[PDB]
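Below: one structure, written as structure tokens.
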Amino acid sequence: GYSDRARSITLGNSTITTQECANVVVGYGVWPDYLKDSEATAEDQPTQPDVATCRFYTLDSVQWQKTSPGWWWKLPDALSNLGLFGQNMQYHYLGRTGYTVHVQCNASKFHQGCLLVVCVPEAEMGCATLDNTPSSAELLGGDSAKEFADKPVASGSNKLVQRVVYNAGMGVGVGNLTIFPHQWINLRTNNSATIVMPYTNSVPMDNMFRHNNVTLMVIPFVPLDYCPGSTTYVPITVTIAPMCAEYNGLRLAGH
Amino acid sequence: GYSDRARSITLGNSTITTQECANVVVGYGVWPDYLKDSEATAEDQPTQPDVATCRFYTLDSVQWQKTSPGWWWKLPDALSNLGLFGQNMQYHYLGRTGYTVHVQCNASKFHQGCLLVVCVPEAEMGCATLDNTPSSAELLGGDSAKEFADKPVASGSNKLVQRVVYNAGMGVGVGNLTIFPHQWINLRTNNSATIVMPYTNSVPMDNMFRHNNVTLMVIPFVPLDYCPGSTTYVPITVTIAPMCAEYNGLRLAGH
Amino acid sequence: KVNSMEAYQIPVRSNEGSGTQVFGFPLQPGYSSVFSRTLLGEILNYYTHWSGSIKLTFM
Amino acid sequence: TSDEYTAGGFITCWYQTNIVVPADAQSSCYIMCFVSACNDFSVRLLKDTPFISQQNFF
Amino acid sequence: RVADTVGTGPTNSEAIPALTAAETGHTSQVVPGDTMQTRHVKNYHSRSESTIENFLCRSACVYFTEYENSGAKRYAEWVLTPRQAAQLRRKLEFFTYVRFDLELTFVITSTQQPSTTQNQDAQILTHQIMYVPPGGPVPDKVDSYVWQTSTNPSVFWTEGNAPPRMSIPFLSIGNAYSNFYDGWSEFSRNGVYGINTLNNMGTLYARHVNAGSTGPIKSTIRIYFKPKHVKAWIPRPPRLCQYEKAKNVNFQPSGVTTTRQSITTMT
Amino acid sequence: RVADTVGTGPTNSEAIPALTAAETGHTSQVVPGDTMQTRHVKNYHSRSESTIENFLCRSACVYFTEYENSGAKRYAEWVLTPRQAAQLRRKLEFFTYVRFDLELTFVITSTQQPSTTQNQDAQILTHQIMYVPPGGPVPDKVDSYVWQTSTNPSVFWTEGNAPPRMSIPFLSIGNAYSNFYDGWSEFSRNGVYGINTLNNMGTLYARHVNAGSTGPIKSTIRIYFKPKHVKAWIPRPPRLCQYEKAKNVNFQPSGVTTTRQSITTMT
Amino acid sequence: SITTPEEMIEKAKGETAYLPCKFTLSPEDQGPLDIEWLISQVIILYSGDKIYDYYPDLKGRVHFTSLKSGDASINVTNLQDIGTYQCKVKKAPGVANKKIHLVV
Amino acid sequence: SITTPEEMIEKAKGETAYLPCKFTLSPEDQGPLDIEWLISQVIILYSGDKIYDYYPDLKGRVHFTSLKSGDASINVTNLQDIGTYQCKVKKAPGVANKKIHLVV
Amino acid sequence: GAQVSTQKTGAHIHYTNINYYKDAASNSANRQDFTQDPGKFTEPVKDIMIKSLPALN
Amino acid sequence: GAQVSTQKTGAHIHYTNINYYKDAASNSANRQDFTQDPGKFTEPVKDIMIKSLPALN
Ligand SMILES: CCCCCCCCCCCCCCCC(=O)O
Ligand SMILES: CCCCCCCCCCCCCCCC(=O)O
């Protein structure tokens with residue numbers, strides 16, 4: 001006799017354990033697996049480290065203030081410089097992988113807040129200018145937070161990205177973003193959110209450096225509140241774990 | 001369908017009931033029983049009250065302050081003046097018995113503290129002087145608290161006992177005192193601690209007045225803390241219950 | 001702290017940051033000042049070779 | 001004994017997030033650590049502990 | 001023989017082997033395969049050298065004394081007690097009650113002392129070791145009628161052969177030797193407090209059967225204890241503070257451990 | 001037992017046992033019967049004395065030291081190492097890894113030193129040999145409490161009997177002793193380079209239990225190693241250059257062999 | 001084993017000083033009994049079941065309170081006498097001693 | 001085992017001379033540590049966890065750079081000082097020594 | 001009447017022994033007695049605690 | 001429990017042995033172990049080379 005609020009996940013040499021949680025969302029009903037022999041196209045044999053990549057990598061934390069719009073991360077770009085996962089994708093031409101997103105935010109009973117955790121495949125984002133397109137290193141961030149911004153970004157001759165939270169940078173309603181696998185963190189109940197995503201693409205394998213399969217978004221629908229005295233610094237932490245990752249086309253390093 | 005946090009113990013005409021508890025420790029895996037016919041040495045028949053002694057006796061409470069080192073009690077000496085247990089041991093020459101130690105300390109969610117409850121067999125204690133030995137009525141206390149003392153006791157020509165908490169009066173590490181049956185009271189979770197001890201000695205029966213089988217120790221590893229406003233007076237209470245007690249060698253009263 | 005009960009305690013608190021270090025020590029069960037005086041460490045001091053796993057429980 | 005060929009490793013502890021405390025509660029807490037062996041521990045070569053020291057017959 | 005490590009894989013479930021309560025004594029019986037992926041590894045390591053018999057059964061000097069062949073100090077005496085030394089005592093004080101047979105060995109060596117006599121051509125020295133039980137007559141001098149050893153066990157040794165060894169059966173009125181006693185010998189609770197009350201092991205006497213020369217000679221005897229057929233009960237923590245006396249556990253308060261520089265320092 | 005020679009006759013064929021390629025390692029497995037006519041000869045010679053056990057299992061002195069019974073040098077010490085001598089070391093360095101049990105023998109002899117004291121009538125000397133494991137306490141002086149040998153193995157010997165011999169089990173944390181190590185103990189690769197990094201055999205202490213006289217006496221101890229139950233792997237060429245140090249393979253370049261007069265000279 | 005071997009007794013002048021040396025003979029100890037009182041050099045001596053009265057200042061002032069039973073205490077008088085008294089009781093197998101410091 | 005026991009250091013005048021004697025204690029070696037610097041007769045001495053400042057010319061010039069950790073180097077100054085310095089580190093089971101030649 | 005037992009060997013031989021005294025406290029020590037039971041010191045509770053389930057539910 | 005083996009004699013006798021210790025590192029040496037296998041050092045190739053045939057054809 002145990003409580004469904006307690007969960008443990010073991011991958012590689014890493015573990016996470018939760019005291020309070022909701023459940024696990026499993027993507028589109030699909031658990032990530034390897035590439036079959038009737039779906040593959042590349043001839044040469046794939047490499048599969050199986051343990052040195054498929055573990056938990058913990059990205060930098062972000063402070064949740066009373067006026068934070070939200071944050072976004074590119075899952076392929078985020079683990080580019082972390083561990084052996086980054087090194088394998090650097091040398092190889094083709095990479096295929098799945099992920100899981102455990103987001104942790106812990107607060108006391110007195111603190112009240114709401115966070116939406118959703119994964120968006122092909123989350124193409126628009127530029128502030130209508131004529132030009134968003135520049136790299138402006139949309140992408142290495143282990144970086146990349147927060148949004150209430151109110152429109154000024155229009156001028158600059159490859160700045162439109163960061164409006166209500167349009168989410170894609171021009172769609174922020175509320176309707178529940179169509180993709182989503183989990184809600186309610187400080188009064190849920191402490192963390194777990195999402196498992198299978199590899200989703202229109203091709204069997206893709207170049208990790210020039211294309212991003214999915215974009216993790218954390219958006220506070222209801223702000224953070226408390227009374228004078230309680231702790232003000234409330235951080236959010238994100239851990240990503242590649243699942244059933246395989247690589248092809250070994251060559252000289254670089255991108 | 002019940003909760004393992006709730007326990008009830010019935011002995012004689014007495015009962016104790018807990019709303020929050022950890023478990024019951026049962027000594028060295030042995031439940032206390034009576035003396036067999038192949039282990040006994042005395043010829044004359046034993047007396048066994050069975051109800052008038054084997055019940056719960058409640059000793060005086062002790063205030064847990066923010067700077068309390070700890071307390072110790074001798075289980076045979078503590079119940080010497082209480083009820084019929086004291087009267088039976090007074091008249092008789094040989095007494096054999098087992099005990100249980102229910103320690104109760106209740107605090108609110110805001111209060112934070114940690115207490116270690118351990119039973120030490122043959123807990124011989126040292127004197128402040130290296131030449132002489134601890135005097136009685138200095139080591140022993142009748143229904144008395146007998147607290148410890150941070151920092152060494154002064155060395156002089158006096159049968160004072162060394163009360164250092166970190167050496168515990170036996171010259172051994174306070175942390176390693178977990179070798180004997182021990183239970184931890186954590187204010188944030190555990191409210192009380194139950195320990196059952198079988199009779200342990202190198203002989204079948206022993207004179208209760210001149211020898212002490214076990215020493216109960218309560219030591220606050222983590223101090224008591226709270227904020228201005230919460231209740232300051234936080235007491236600890238101890239109840240002992242002799243189990244399967246038998247006596248031999250009836251004679252004139254005294255010691 | 002070695003002359004006090006404070007040595008056992010590991011102090012944690014609320015800070016305006018994250019990723020700060022709480023503690024750290026090497027894995028030398030018989031020799032490290034941290035483990036030399038524990039039951040297992042004292043037992044090891046009577047032996048030259050040791051081999052196995054090590055459980056660390058935090059309350 | 002302290003050796004460099006057979007080195008152990010390092011054991012560290014960091015803040016995964018931050019300690020969250022409400023009002024009228026203490027924000028300075030403590031942790032405690034216990035150490036034990038697993039079911040696969042072994043020892044060899046009985047020797048003399050370096051801790052005890054006797055000046056003269058007591 | 002030790003247990004062998006098994007092999008586990010990736011796991012996502014409600015099971016929580018790691019999370020537990022240390023409020024209860026229950027020492028977590030978790031293995032590495034519960035918090036990571038492991039490979040199968042057969043373990044041929046054997047828990048053999050750690051048994052109490054292999055731990056305690058080794059000879060250990062407990063007392064060495066001198067005597068002469070002329071003058072005032074002509075024989076030696078020593079009440080049997082293992083608390084004279086520190087190494088044997090600390091090892092035995094891991095447990096509350098012990099029960100073991102004892103193997104006794106002696107090492108007797110002589111030395112010619114400085115003097116001014118001439119023409120010293122010594123002969124071989126013979127030494128007699130005698131045991132007196134709690135209550136037996138004790139020799140007043142070196143030529144006392146006590147040495148007749150009609151019933152007391154004794155041993156004679158001629159300098160130059162293998163040392164003398166004898167085996168002693170568990171001698172006690174109790175059911176186990178007691179390393180620690182919390183109590184008094186007198187009911188009034190005013191007298192000797194401690195193990196001293198329980199101890200009653202008799203006295204040992206050693207001496208020169210013959211002089212052997214005209215010049216002075218000083219002999220020394222070292223006694224070696226070996227516990228055999230050991231049984232032990234109720235373990236207790238090792239001694240931190242250094243020993244002070246042989247009769248009691250009197251100590252001086254000392255640091256719990258040694259100090260480093262910081263809490264994050266690796267040395 | 002060795003193979004017996006067979007008998008061949010005259011042959012005219014395309015077979016070419018002699019002609020081969022030494023580019024390949026393939027050591028030609030030809031026998032005399034392939035390049036001449038031979039008679040049948042049964043061979044009762046046996047390859048018995050050449051086995052590694054018969055080669056290595058013989059006692060060999062590895063270190064001899066002195067001590068006194070008065071003055072400053074009162075005891076002797078020596079870290080256990082077989083590289084002190086040359087004969088035992090060269091034989092062991094035919095292989096990369098060896099695994100063997102060790103039989104230890106000691107030879108202790110005393111000598112009366114020149115002095116001017118009078119009336120010296122000495123007694124029999126007893127000597128104590130004590131082993132300290134890597135980490136055990138070491139004796140500061142000759143009357144230190146370390147000699148209590150509660151757990152350290154020790155041996156006592158009275159001058160005049162057969163030497164003392166004890167047998168030691170394969171002591172190593174690895175799976176074989178390593179005669180040669182190419183690497184460092186520190187990862188940064190800046191420190192001790194060589195086998196010295198791997199070696200950890202403890203220290204050996206020898207001393208006089210008693211003085212035995214008024215005049216000076218100097219004792220000497222010689223240690224003898226015998227490898228038993230030997231296993232050996234990966235053979236390597238014998239040492240040409242003479243040894244210089246005990247910690248490393250430092251050498252001075254020398255001639256490949258000795259020189260003659262001509263290339264056709266028979267001497 | 002003499003109880004409280006290290007002891008300090010403060011007694012006012014003009015009051016007889018009471019010094020107690022109670023002992024418990026060991027079962028192992030079975031020899032002739034000797035009790036000696038030292039003043040730091042002897043004030044009194046008990047040997048071969050005979051009491052001898054050594055110190056000129058304390059002559060006619062030092063006498064035993066009880067010896068065979070196990071009590072070997074003395075009662076001094078006419079204090080002026082500041083010093084340390086060592087009570088040494090001897091049994092052939094084992095020996096014990098207690099030192100008492102007297103002020104004024 | 002002191003690394004580079006045979007070493008030669010050429011240092012210009014008016015520049016502090018740095019002499020390094022780093023060592024690695026053996027697991028077998030478990031005794032009191034003594035570090036002695038000889039000038040070929042001592043400039044500095046470390047013994048019983050105490051540093052003593054021996055040579056009149058180098059008085060107030062010779063000081064340690066760090067000892068317990070495993071580094072026993074010195075930093076000399078005001079060179080005029082040509083000589084051979086022998087760093088001798090002592091452990092009760094084993095001993096080692098390093099000689100450094102300094103020119104100008 | 002001799003007893004034949006096994007010698008202590010490595011992994012991955014028999015020896016003979018006869019008793020010459022009649023005292024039972026003269027024999028050699030008992031070195032080959034490999035029996036353990038840590039369920040007394042470790043896990044000394046009343047209600048059995050399974051590993052996977054929570055401690056306090 | 002004694003072991004009877006053969007003595008080393010010339011070509012063109014039995015002896016008895018008993019183990020008196022319980023340690024397996026106390027026994028005598030193993031002198032009669034006559035087993036060879038030089039196919040490792042000599043002939044260390046992949047493709048077997050027959051003697052009569054040419055080495056490189
Ligand atoms: C010449 C004959 C000599 C015989 C001497 C026999 C003396 C036996 C002494 C036994 C002492 C055992 C003490 C154990 C105390 C303990 O374990 O706590
Ligand atoms: C009095 C007891 C003495 C016991 C001393 C035991 C010491 C054992 C030393 C073994 C050294 C073996 C070194 C082998 C090195 C190699 O083969 O390369």
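Residue numbering restarts at 1 for every chain, and letters A, B, ... go by the order of the sequence lines. Any value given below was found using the heavy atoms of this structure, including those in side chains, with hydrogens, waters and symmetry copies removed.
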Would you tabulate the side-chain donor-acceptor contacts of residues 76-85 of chain B under 3.5 Å, counting partners in other chains and residues two or more places apart, or write 'none'?
{"unit_1": "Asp77(B)", "atom_1": "OD1", "unit_2": "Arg189(E)", "atom_2": "NH2", "d": "3.4"}
{"unit_1": "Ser80(B)", "atom_1": "OG", "unit_2": "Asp77(B)", "atom_2": "O", "d": "2.8"}

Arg236(E) side chain reached by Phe94(E) side chain, heavy atoms, under 4.5 Å: no
Close aromatic pair by centroid cut-off 6.0 Å: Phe100(E) and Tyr177(E): yes
By side-chain contact (heavy atoms from CB on, under 4.5 Å) - contacts of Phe58(C) (at least two apart): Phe23(C), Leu56(C), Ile31(D), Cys33(D)
Check: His45(E) ring centre within less than 6.0 Å of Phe41(D) ring centre: no
Pairs satisfying salt bridge (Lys or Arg N to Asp or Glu O under 4.0 Å), at least one member in residues 46-66 of chain B, at least two apart: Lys66(B)-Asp225(B)
Ring-face cation of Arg1(E) near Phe34(I) (centre distance under 6.0 Å, axis angle within 45°): no
From CA spacing to verdict: ring-ring contact (aromatic ring centres under 6.0 Å, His included), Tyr181(E), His211(B): CA-CA 8 Å; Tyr181(E) 180 80; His211(B) 180 234; 4.6 Å; yes
Modelled atom types, side-chain donor and acceptor of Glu49(E) and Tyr47(C), under 3.5 Å: no
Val214(B) side chain near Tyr99(B) side chain, heavy-atom distance below 4.5 Å: yes
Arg5(B)-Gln19(B) side chain donor-acceptor pair, cut-off 3.5 Å: no
Side-chain touch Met205(B)/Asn248(B), heavy atoms, less than 4.5 angstrom: yes
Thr51(E) and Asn54(E): side chain donor to acceptor below 3.5 Å: yes
Where at least one partner belongs to residues 192-213 of chain B, residue pairs that pass salt bridge (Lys or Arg N to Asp or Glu O under 4.0 Å), sequence neighbours excluded: none
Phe148(B) and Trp71(B) aromatic centres sub-6.0 Å: no
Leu224(B) side chain reached by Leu187(B) side chain, heavy atoms, under 4.5 Å: yes
Residues in side-chain contact (heavy atoms from CB on, under 4.5 Å) contact with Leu240(E), at least two apart in sequence or another chain: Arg37(C), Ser254(E)
Qualifying residues under side chain to side chain donor-acceptor pair (under 3.5 Å), relative to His92(B), sequence neighbours excluded: none
Verdict with reasoning, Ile236(B) to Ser61(B), per side chain to side chain contact (heavy atoms under 4.5 Å, CB included): CA-CA 5 Å; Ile236(B) 308 167; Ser61(B) 299; over 6 Å; no
Modelled atom types, side-chain donor and acceptor of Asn175(E) and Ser202(B), under 3.5 Å: no
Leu216(B) side chain near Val238(B) side chain, heavy-atom distance below 4.5 Å: yes
Spatial distance of atom CG (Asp37(I)) from atom OG1 (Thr42(I)) [nearest 0.5 Å]: 8.5 Å
Under 3.5 Å, sequence neighbours excluded: what are the donor-acceptor pairs made by side chains of residues 111-121 of chain B?
{"unit_1": "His111(B)", "atom_1": "ND1", "unit_2": "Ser108(B)", "atom_2": "OG", "d": "3.1"}
{"unit_1": "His111(B)", "atom_1": "NE2", "unit_2": "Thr231(B)", "atom_2": "O", "d": "2.8"}
{"unit_1": "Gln112(B)", "atom_1": "NE2", "unit_2": "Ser28(D)", "atom_2": "O", "d": "3.2"}

Sub-6.0 Å ring centroid separation between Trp184(B) and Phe221(B): yes
Pairwise side-chain contact, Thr239(B) with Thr100(B), heavy-atom cut-off 4.5 Å (strictly under): no
Results of side chain to side chain donor-acceptor pair (under 3.5 Å) for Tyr2(A) - residues two or more places apart only: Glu14(E)
Heavy-atom side-chain proximity of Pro44(I) to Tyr28(B) below 4.5 angstrom: no
Any residue meeting side-chain contact (heavy atoms from CB on, under 4.5 Å) with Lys231(E), in chain and number order, not counting sequence neighbours: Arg99(E), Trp233(E)
Results of side-chain contact (heavy atoms from CB on, under 4.5 Å) for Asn23(B) - residues two or more places apart only: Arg7(B), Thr24(E), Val45(I), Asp47(I), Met49(I)
Partner residues of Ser36(D) under the side chain to side chain donor-acceptor pair (under 3.5 Å) criterion, sequence neighbours left out: none
Gap between atom CG of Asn179(E) and atom CG of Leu92(E) - 0.5 Å precision: 5.5 Å
Side chain proximity check, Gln48(B) to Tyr34(B), heavy atoms < 4.5 angstrom: yes
Centroid separation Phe110(B) to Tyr226(B) less than 6.0 Å: no
From CD1 (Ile9(A)) to OG (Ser13(E)), nearest 0.5 Å: 9.5 Å
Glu20(A): partners by side chain to side chain donor-acceptor pair (under 3.5 Å), with sequence neighbours left out: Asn191(A)
